[PDB]
Amino acid sequence: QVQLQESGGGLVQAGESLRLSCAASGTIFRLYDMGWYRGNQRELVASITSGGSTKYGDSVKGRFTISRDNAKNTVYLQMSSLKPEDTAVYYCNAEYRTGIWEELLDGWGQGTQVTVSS
Amino acid sequence: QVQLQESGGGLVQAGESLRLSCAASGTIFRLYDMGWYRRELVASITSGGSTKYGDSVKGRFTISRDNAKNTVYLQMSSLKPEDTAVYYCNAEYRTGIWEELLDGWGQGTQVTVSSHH
Amino acid sequence: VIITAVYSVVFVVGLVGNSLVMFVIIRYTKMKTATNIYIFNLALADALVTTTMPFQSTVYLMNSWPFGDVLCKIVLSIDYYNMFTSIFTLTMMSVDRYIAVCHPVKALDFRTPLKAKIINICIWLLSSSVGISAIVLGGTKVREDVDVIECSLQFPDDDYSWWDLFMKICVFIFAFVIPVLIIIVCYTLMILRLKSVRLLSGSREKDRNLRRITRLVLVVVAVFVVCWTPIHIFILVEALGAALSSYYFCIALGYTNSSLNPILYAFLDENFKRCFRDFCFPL
Amino acid sequence: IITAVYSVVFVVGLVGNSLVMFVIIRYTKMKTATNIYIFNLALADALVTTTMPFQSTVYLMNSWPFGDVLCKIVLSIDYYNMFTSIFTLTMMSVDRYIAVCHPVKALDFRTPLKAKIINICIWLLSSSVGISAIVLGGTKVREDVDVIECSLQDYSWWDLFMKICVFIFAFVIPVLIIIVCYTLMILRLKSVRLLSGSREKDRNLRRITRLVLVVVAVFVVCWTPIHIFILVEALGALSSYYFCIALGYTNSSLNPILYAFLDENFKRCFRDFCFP
Ligand SMILES: CC(C)[C@@H](CN1CC[C@@](C)(c2cccc(O)c2)[C@@H](C)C1)NC(=O)[C@H]1Cc2ccc(O)cc2CN1
Ligand SMILES: CC(C)[C@@H](CN1CC[C@@](C)(c2cccc(O)c2)[C@@H](C)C1)NC(=O)[C@H]1Cc2ccc(O)cc2CN1
Ligand SMILES: CC(C)CCC[C@@H](C)[C@H]1CC[C@H]2[C@@H]3CC=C4C[C@@H](O)CC[C@]4(C)[C@H]3CC[C@]12C
């Protein structure tokens, strides 16, 4: 099995900064793409490849900064100059493969709550 | 594997009387309960001819049975406009002695009561 | 020509099929029906008679018993334990089925997986009467006018002819005829309810399985009488009265039924059929 | 001793391979290029499983109690299985190489009919050396002991030549291709993320490449001790010989069981056919 460990959200006043991590614990044979996805909730905010190719949401570029530690299978998202518009739940996502012969999988995490005061 | 044959619905004026029949046909071992539904109960009858009527049928309807001909008859009398609905026949059968108890529904026969006289 | 293998086919089945039926009922919790507890017993008896398949084979070819007393004492008892345990388990299955469909209120407290294991243990004790005694009296003796080794129970030679014929009768009557009678009574009282009753229990699902399992049991009982009736009237015809290969044929049927029952439960039960499919082939 | 295990393996491979063989025919859902090869290989496994009474009969009497026509047939059936089995395992492993390493060219090169043609070409080569075993094979009495022998029959060197020829072309070259095929496939299974652009193709290509890998791996372990044994004995123990033959008959009957545990589609039809 594999489990996504999230930390770093909470209530915070506007213009403050946060930091989000998502470690992929468990039997990982190869991790592919990890990212953060904030009507329908699922919307890209930051995703980084195992190489280092990044891609931010339209609204999140310029303030957020994504970074990956392939040695630790964890990804970090540095959110700065938060606004109340950024208030949502942020779900972490990892494409992994448990083994050579096993299928490709898409694992979500529980979800981290962020609520920026006005 | 059960076919039902229904008759006797249609447009009728209030206080008029109808009569429905339902014929259970197919390859069956034994029929158990036949009756008319609308889905709340209106009238039903066992193999032994014991009858049960819905509360909305204050003695106005009466259901007989001809076990010989696997047909059940519903004599509807003193029709009111609050009786307009689709009357579905129901027939409990068993495809064999060791097999499951299961019923089969009918197509339905429409009955419409209107106005007065 | 190739009969030396088809004899091994049956031998493996009855020894693997019944072991499978026993393990499934033990391990899986959903498979502890009052009826299944009886099938566990039946499988157990069938597994044991299947263990004597080789021994009986070599006797076919060699025509003389070549094993020791310690094996003659064990096979002869692995047999009586089977002749009695099996037929007493079917007779209780059919009675358990009787009080399941002809006494549905009383069955709410009379049919429980603990009560059934009790009647199963009770059956092995009653079978031990003749089963333990066979271990005592079991021994080998050289045939007189044959010069071959014979394995059979040993009785006092004073009135051998009498106690032999009396035992054979009591076996045939009390282990082949009073049991079948009970089953035939059980099952007539039962199809008479099932030909007229609308619902046996409150659920339609209870009534679906109550009818369904009773049909399984009736088929298991049917295969049993068919396989076991030729041998029983054969042991009885030779008692009251020569190149007779009928004895091995009637034993052939009896060993078929030992191996046929694992397959019958798999075919006549949607639960055994489901537990095997989710065991041998976990999808 | 206990000898039912020999009869046990006879019925597993005779019934299994004929079940494996029936399921591919009746159910259109699993007429895959890979299953055309498995069909062909079960057909071989079935035909060589009908010689087990012959092998046991010679094991007890130590002689050939059948005729010459039954000595030539089983010699034929023997080679047809020897070559068909290994040539089918080599063409599955090449098929698999094409499937995972050349996806763009596999759209037009992996049609089940094409599999049929290649398996028809496989029997052409194999029965060709199976027709020779009819010519070469035959019955004869050993010089000293009074026991009939069923073997291949003019020079004792050409016997060691053909055996060497068979080892190189029936075992060593075909295993070199598989060894190579899987060396390049395991690199791409480790390097590539999504094999065919569909997360379900990728699962299937990976899942079935493991199936063939086990089926091939089991096959070399069973046929290595018998192939090095006929070659060592050519340079001139008997209890070892039959343990080399038991391995090869066990393989013929294992393959159906292996499809059941390694292929979910085979696992699924063994259920609905055996336990509806
Ligand atoms: C499969 C069943 C039908 C076999 C199992 N039994 C068959 C005979 C056997 C007990 C045995 C034991 C010793 C020597 C020998 O040749 C045979 C051993 C092979 C196992 N047992 C019997 O046939 C039952 C049948 C029978 C019928 C009437 C009767 O008064 C007593 C008996 C006891 N043996
Ligand atoms: C299943 C496999 C392992 C058996 C099949 N089996 C082999 C023995 C057999 C051919 C046979 C036939 C006639 C007499 C006799 O004693 C034995 C018949 C029972 C079929 N085939 C063989 O052992 C192969 C093994 C082999 C290895 C190298 C080589 O140059 C030629 C051969 C041909 N026989
Ligand atoms: C011992 C028997 C089986 C020998 C068979 C030889 C031929 C038919 C086999 C052996 C090696 C095989 C090749 C191995 C790998 C490749 C490269 C790939 O890009 C296209 C297919 C191709 C080219 C295969 C085609 C079939 C092939 C050429």
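Structure notes:
- Sorted ascending by nearby beta carbons within 10 Å, beginning with the fewest, C:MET83, B:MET34 become C:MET83, B:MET34.
- Proximal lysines to A:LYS83, defined as alpha-carbon separation beneath 17 angstrom and excluding residues fewer than eight positions away on the same chain: A:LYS61
- Sequence-distant residues sharing a close amide H with B:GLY15 (under 5 Å, placed H): B:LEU79, B:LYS80
- Of D:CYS71, D:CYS181, D:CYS222, C:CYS280, the sequence from fewest to most neighbouring Cβ atoms within 10 angstrom is C:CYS280, D:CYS222, D:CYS71, D:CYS181.
- If you wrap the Cα atoms of chain D in a convex hull and average its projected area over all directions, you get 16.6 nm².
- Fewest neighbouring Cβ atoms within 10 Å first, the residues D:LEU238, D:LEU43 line up as D:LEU238, D:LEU43.
- Per-residue 3J(HN,Hα) values for region C:36-51, derived from phi via the Karplus relation 6.51 cos²θ - 1.76 cosθ + 1.60 with θ = phi - 60°, read 4, 4, 5, 5, 3, 3, 4, 4, 4, 4, 5, 4, 4, 5, 4, 5 Hz in sequence order (x marks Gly and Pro).
- 5 angstrom amide H check on B:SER7, placed H, neighbours 5+ away: B:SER21
- All-pairs alpha carbon distance profile, chain A, 10 Å steps from 0, percent: 14, 47, 29, 9, 1, 0
- Residue-averaged [θ]222 nm for chain D, counting only DSSP H segments that reach four residues, each worth -39500 (n - 2.57): -26000 deg cm²/dmol
- ³J(HN,Hα) computed for each position of region C:181-197 - Karplus, 6.51 cos²θ - 1.76 cosθ + 1.60, integer Hz, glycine/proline x: 3, 3, 4, 5, 4, 2, 8, 6, 2, 9, 5, 6, 5, 6, 7, 10, 4
- Descending principal axes extents, region C:92-156, alpha-carbon based, whole Å: 62, 19, 18
- All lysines inside 16 Å of B:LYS80 as judged from Cα atoms, apart from same-chain residues fewer than 8 positions distant: B:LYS58
- The calculated FRET efficiency for the pair D:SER240 and C:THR229, based on their C-beta separation and a Förster distance of 45 Å, comes to about 0.30.
- Listed cross-link partners C:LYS30/C:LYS273; C:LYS30/C:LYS195; D:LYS31/D:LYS72; C:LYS73/C:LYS115; C:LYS30/C:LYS115 are compared with a 25 Å cut-off, the Cα-Cα value being larger for C:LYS30/C:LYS195; D:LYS31/D:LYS72; C:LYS73/C:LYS115.
Neighbour counts are summed over all protein chains in view; Cβ atoms, including those assigned to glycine, are modelled from backbone coordinates with ideal geometry. Every number in this text was worked out from the coordinates using simple rules, so none of it is lab data.
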